[PDB]
Every structure is written in C-alpha cells, then in structure tokens.
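experimental coordinates follow, after the sequence.
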Amino acid sequence: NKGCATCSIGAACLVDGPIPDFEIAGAXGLXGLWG
C-alpha cells in the first residue's frame, strides 16, 4: 500500500547472520507487504 511509504525499505535486522541486532531502521515496510 502507498500508506507504508514512511518505511518502504523493509523489515530486516540482519541479526540472524552478521549479528548487527534488529537493524531495521524502518519497520514501516510491513505497511507495504499488505498493500
């Protein structure tokens, strides 16, 4: 959806590898995953 534009980036901490820890910096991406 055009609503979740404030965080079109996407949810990805990367803490599941390099170990940067919940490095999302914009979970808004979820707003787009649905619309």
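Structure's in. What do you need? Numbers count the residues shown, from 1 in each chain.

mind listing what the spatially most central residue of the chain touches?
Centroid-nearest residue in the chain, with Cα atoms, centre = their mean: residue 11, separated by 2.1 Å. Applying Cβ atoms under 8 Å, 6 or more residues apart in numbering, we find residue 11 in contact with 24, 27, 29, 30. Every C-beta, even on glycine, is put in place using the N, C-alpha and C of the backbone.

now the closest residue to the second one other than its chain neighbours: how far from residue 29?
By that I understand residue 27. Nearest non-adjacent residue to residue 27, counting by Cβ to Cβ, 6 or more residues apart in numbering: residue 11, 4.9 Å away. Distance, residue 11 to residue 29, using Cβ to Cβ, to the nearest Å: 5 Å.

measure residue 25 to residue 35 for me?
21 Å.

look at these two and report which has more neighbours.
residue 25 (12 against 8; other Cβ atoms under 10 Å).

tell me the residue furthest from the middle of the chain?
The C-alpha centroid of the chain is most remote from residue 18, which lies 17.0 Å away (Cα atoms, centre = their mean).

now the residue nearest to the centre of the chain: phi and psi?
Per-residue torsions, residue 11: phi -80, psi 120 (degrees, to the nearest 10).

counting neighbours, what do you get for the closest residue to residue 15 other than its chain neighbours?
Excluding its sequence neighbours, the residue lying closest to residue 15 (Cβ to Cβ, 6+ apart) is residue 21, at 4.7 Å. Applying other Cβ under 10 Å, we find 8 residues neighbouring residue 21.
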